[PDB]
Structure formats: C-alpha cells, structure tokens
C-alpha cells in the first residue's frame, strides 16, 4: 500500500480573504509525512501546472515560495495529524485555480511536478465577488 494524499480546504472566497488547504496522508503507509517533501501546485484551464510552495524532507525545515505567493502563503506541518497545511492569505482573483499537493519520500523543496511521486486529487479555489 502506497501513500495516499487527500486534500481539503478549498472553495469560494472573495478578494482579501484566506483559505487553509490541507494535505492529509493516509494511515498505514510505512513512512509518516514528516519523511516526505510536500509541494503545492496550481493549475488553471489554459495554464500548465505551477509550483507555488514546498517544504523539504530535510530536518532544518527548509521551505521555498514562488515570487507570486511570497509573504502571503505559508506551508507548515502538523505531524500529530500526519498533515501539511498551506495557509493562503490576501487572496486575489488570479489565484483562482485547482490546487494540488504532491509528496516525495526524502524529497527536496521543488517546483517541478516531475520531482514528486504522489499527488492529491486537487481542490478548486475561486476568488471573486
């Protein structure tokens, strides 16, 4: 049984609002989520997938953010719940997209979809009034 990532927390929000996305790893996979790198991506109909934020598997807690989201987004861990969160503040309409998490055992903080192995199912985020 491979790790399975289940996302939640998306939805409709108005400009200046916030959401918090969750990436919850399935029970009974061998390694716990603290052994993984977790990356967040978004993808809009025309656009290709796009890395936004990632946290390394390294113990120094290293994180990476794309210039589009720095200062607004924050990736964090809840190991007690085998979970990673993406806190998205100060949303604006062009953040509208489906957001995905992805994971890799022993991974690094990558923005390349090719450098992860497992994916969440996606969740829609819409920003507008």
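Positions refer to the first chain, counted from 1.
**Student:** Would you tell me which stretch averages the higher CA B-factor in the PDB entry, 101-109 or 19-27?
**Tutor:** Comparing 101-109 with 19-27, the higher mean C-alpha B-factor belongs to 19-27.
**Student:** If you average the CA temperature factors over each stretch, which comes out higher, 8-16 or 111-119?
**Tutor:** Between 111-119 and 8-16, it is 8-16 that shows the higher mean C-alpha B-factor.
**Student:** Select one of 53, 89, 56, 82: the residue whose C-alpha shows the highest B-factor in the crystal structure entry.
**Tutor:** Answer, based on the entry's C-alpha B-factors: 89.
**Student:** Sorting by Cα B-factor within the chain, modelled residues only, which third would residue 61 end up in: lowest, middle or highest?
**Tutor:** Middle third.
**Student:** So where's residue 78 on the chain's Cα temperature factor ranking, which third?
**Tutor:** Middle third by C-alpha B-factor.
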